There are 4 protein chains.
Amino acid sequence: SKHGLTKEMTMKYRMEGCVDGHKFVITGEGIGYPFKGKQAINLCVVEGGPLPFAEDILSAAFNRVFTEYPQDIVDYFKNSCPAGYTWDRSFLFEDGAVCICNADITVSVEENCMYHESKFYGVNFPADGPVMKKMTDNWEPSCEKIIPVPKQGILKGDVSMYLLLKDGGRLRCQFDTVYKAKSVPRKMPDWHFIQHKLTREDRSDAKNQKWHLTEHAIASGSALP
Amino acid sequence: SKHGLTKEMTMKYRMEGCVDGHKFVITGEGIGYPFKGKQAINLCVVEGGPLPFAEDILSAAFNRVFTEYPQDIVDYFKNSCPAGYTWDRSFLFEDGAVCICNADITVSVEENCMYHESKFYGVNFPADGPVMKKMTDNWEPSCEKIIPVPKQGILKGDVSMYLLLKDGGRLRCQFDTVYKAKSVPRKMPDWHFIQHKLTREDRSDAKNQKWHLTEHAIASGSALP
Amino acid sequence: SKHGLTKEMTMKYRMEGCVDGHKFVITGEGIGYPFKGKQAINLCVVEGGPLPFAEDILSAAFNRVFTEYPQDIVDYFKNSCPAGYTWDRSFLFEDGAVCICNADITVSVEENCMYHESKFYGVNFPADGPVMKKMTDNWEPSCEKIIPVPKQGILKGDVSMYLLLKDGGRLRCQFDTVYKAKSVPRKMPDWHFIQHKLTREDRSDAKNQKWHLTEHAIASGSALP
Amino acid sequence: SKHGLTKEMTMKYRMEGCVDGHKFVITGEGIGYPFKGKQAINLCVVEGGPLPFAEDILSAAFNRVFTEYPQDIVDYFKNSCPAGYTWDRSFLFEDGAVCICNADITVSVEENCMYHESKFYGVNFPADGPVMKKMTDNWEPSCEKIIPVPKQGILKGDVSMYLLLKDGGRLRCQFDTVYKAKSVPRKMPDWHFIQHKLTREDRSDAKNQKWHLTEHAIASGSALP
């Protein structure tokens with residue numbers, strides 16, 4: 001337990017949200033590899049299912065503890081463990097839709113388990129758009145810039161996202177995040193990138209709306225010397 | 001009781017919110033004149049006070065029932081009473097801050113009272129900005145365009161807002177709203193304007209953070225023949 | 001000649017531009033009523049015709065001298081005559097397309113003629129969008145907010161525009177303008193609105209791409225006392 | 001002459017522009033290494049100097065031929081040579097300022113020289129902002145996403161930029177580009193990244209406003225397998 005963390009951990013999730021007036025609760029459980037930047041999780045809609053919107057919008061809402069950091073970049077996220085960190089993000093879609101999500105990440109060292117409590121709110125998705133019509137097909141892999149705010153001991157993230165559409169199109173979404181360790185650290189990173197790759201597969205049956213999500217994320221510095 | 005409404009009504013409010021990680025509950029009570037488009041209300045912070053942010057951001061969150069409508073424009077809001085309407089709005093500040101608010105408006109005919117339940121979420125207000133530093137000084141009066149979405153029996157509102165700053169500056173904020181009557185009406189308006197004027201005065205003491213808010217709003221069509 | 005202006009004036013136009021790599025020159029001539037806020041003009045494509053894009057995008061580019069001002073609001077535009085004023089505007093379409101236009105307005109008192117020299121640049125219009133496919137059908141009437149910048153003796157304009165589409169849709173465009181009298185005046189207005197209504201009719205033949213444009217514009221203050 | 005290109009080339013530049021009403025012409029000459037993604041150039045203000053704005057805004061305006069491409073990603077830019085390619089870009093600053101630039105890139109094989117003709121237009125830079133006050137201090141290195149538009153044989157670029165400020169601040173700017181080879185190729189790349197690093201040093205004297213610019217750029221695919 002480097003920071004209360006081990007090589008392979010279990011994860012528990014609860015999300016409450018509201019999108020275009022529709023309320024929901026999702027729970028989840030998963031397995032992850034903090035130092036590899038890999039996680040796989042299983043989500044289950046527990047109230048308000050079946051959702052009237054693409055599962056895909058919730059993907060980036062379901063933990064930067066799961067990022068592979070080179071030893072030469074300060075790992076702000078693992079350093080915040082076990083107590084953890086919280087994050088706030090706005091999603092600005094190019095069609096005017098707007099989301100906000102807040103999460104709180106925390107470790108139980110005794111259970112070797114990461115807990116994740118989030119709130120997801122979305123307004124203004126066009127009723128006829130690919131989100132509300134569930135015609136999306138995963139996010140394209142990305143490169144997020146992580147920026148230190150040194151007077152405050154917090155980080156900003158900035159990633160321009162593309163949700164691939166079943167019909168061959170792409171829907172742009174701007175992510176702006178604020179990452180806050182529960183204790184503001186004296187050790188801060190310089191700006192760096194984190195690259196991400198998601199997969200998402202619906203596994204819904206007659207009882208429940210269910211799906212499987214994975215992320216692979218790797219932090220790095222500029223490629224220019 | 002035209003639509004469960006009388007010339008002068010009382011109003012009750014409850015808001016739960018979260019801004020930059022700070023949770024709060026506000027209650028309120030007021031008096032309003034539906035057909036004059038006038039209302040005055042008194043807000044009281046009931047949890048999480050004193051707020052770390054300008055009271056002003058909550059202003060447009062605290063009821064288009066209070067708008068003076070000419071007889072020649074369909075009044076979508078009064079027509080939705082007594083059951084009422086819900087609305088969803090994103091606030092896009094020019095400094096990257098983002099808010100979402102959801103309200104539900106409903107009439108008790110027996111009490112001659114309008115009830116207002118809202119949720120306010122805000123993320124990314126710069127810690128050193130006039131909002132988090134409480135250096136704001138009311139919104140400038142505005143002209144909002146109301147746009148019918150005829151396939152859906154809902155309205156959009158679009159208003160470009162300016163929060164005046166104590167130091168002589170102005171902070172831009174883009175409001176985009178979706179207004180939904182609980183029953184989608186057959187009678188719909190054409191696009192029109194609603195002009196608004198707010199006043200806000202802090203009345204805080206040692207016991208409580210408290211303030212007084214008023215709105216005057218008037219609907220109209222284009223001035224060009 | 002109040003400010004070199006008479007009740008009815010003629011107007012001459014020249015525009016050079018470039019949209020998605022396509023260069024053009026348009027000339028025009030018209031008649032206008034400065035104090036009524038009315039103008040009608042005839043445009044003629046002189047190089048690079050037929051244009052590959054909707055005539056409609058050029059509409060707001062083709063003179064705030066033509067606005068009806070109440071005596072109680074300073075008329076910054078007529079006050080700048082005969083020398084005139086220049087203006088700069090960005091057009092931000094919701095599909096990512098971006099335009100810039102610059103105009104210079106000047107009066108010849110001897111000819112009772114207003115001259116208008118402009119530059120129009122547009123990039124990123126999707127090749128398959130209603131602009132490049134010429135499937136637009138005029139702008140919806142608007143309400144622009146005019147804001148004084150008192151340290152500088154210039155004005156800002158802010159109008160949220162809607163280009164109606166032949167198929168029943170609407171394309172949003174954000175106009176942000178800076179208006180600069182060639183001499184910065186001591187007399188400045190308070191913020192006010194200017195409402196606008198355009199008409200546009202193609203009158204193209206075998207020789208030339210030609211069309212007729214009109215504007216009616218009226219300035220006013222807030223409707224709330 | 002792989003595509004009319006050699007390992008080390010000279011470059012000639014001409015730019016005409018207009019920023020906040022101020023017109024200028026800049027010329028330049030440089031040396032570059034197409035296959036290394038390196039270039040260094042010397043700019044000289046030939047009309048309208050000294051410029052009233054930061055040299056830094058012109059930096060990304062002064063040739064994706066200078067990018068190091070791995071053999072396994074199609075190099076759209078070198079493949080377009082010697083005839084070349086054109087590009088169009090909007091710059092959206094967070095304070096509302098807006099620029100557009102258009103360039104045309106072409107090779108003279110006989111002279112082993114790349115020619116670069118551009119137009120730069122900027123409107124709405126606040127007179128008191130770090131750009132108009134010349135208080136900027138270079139761009140932070142970036143990661144631009146390059147996206148193929150396969151029906152059209154063109155590319156899009158998307159990069160979120162940060163202009164560092166002399167006072168320790170940062171000013172955000174959104175770059176959106178369209179890259180067009182003069183012949184639309186059958187060979188197209190998949191989406192990839194290009195990382196960039198600029199340096200800029202003023203070398204102005206009594207005769208002329210002059211400066212030295214360098215870029216290093218390297219293309220790559222996602223780091224996730």
# chains A, B, ... in the order shown; residues from 1 in each chain; ligands from 1
>>> interface_residues(of="chain D", to="chain C", cutoff="10 Å", atoms="only C-alpha atoms", output="MDAnalysis selection string")
chainID D and resid 18:21 86:92 96:103 121:124 127 152 156 176:178 180
>>> select_by_dssp(residues="stretch 18-158 of chain C", states="strand (DSSP E or B)", output="PyMOL selection string")
chain C and resi 18-19+22-33+38-47+68+85-93+98-108+113-123+136-139+142-149+154-158
>>> residues_around(residues="residue D:171", least_positions_apart="4", cutoff="9 Å", atoms="only C-alpha atoms", output="ChimeraX atom specification")
/D:93-95,130,136,161-165
>>> residues_around(residues="residue B:212", least_positions_apart="4", cutoff="7 Å", atoms="only C-alpha atoms", output="JSON, numbers by chain")
{"B": [41, 42, 43, 200, 201, 202, 203]}
>>> closest_residue(among="D:223, D:51, D:107, D:44", to="residue A:68", atoms="only C-alpha atoms")
D:223
>>> closest_residue(among="B:59, B:27, B:1, B:214", to="residue B:115", atoms="only C-alpha atoms")
B:27
>>> select_by_dssp(residues="stretch 4-219 of chain D", states="helix (DSSP H, G or I)", output="PyMOL selection string")
chain D and resi 55-61+76-79
>>> closest_residue(among="A:25, A:114, A:57, A:219", to="residue A:143", atoms="only C-alpha atoms")
A:219
>>> atom_distance(atom1="atom CA of residue A:148", atom2="atom CA of residue A:104")
19.5 Å
>>> atom_distance(atom1="atom CA of residue A:74", atom2="atom CA of residue A:189")
4.7 Å
>>> closest_residue(among="D:84, D:70, D:225, D:126", to="residue D:35", atoms="only C-alpha atoms")
D:70
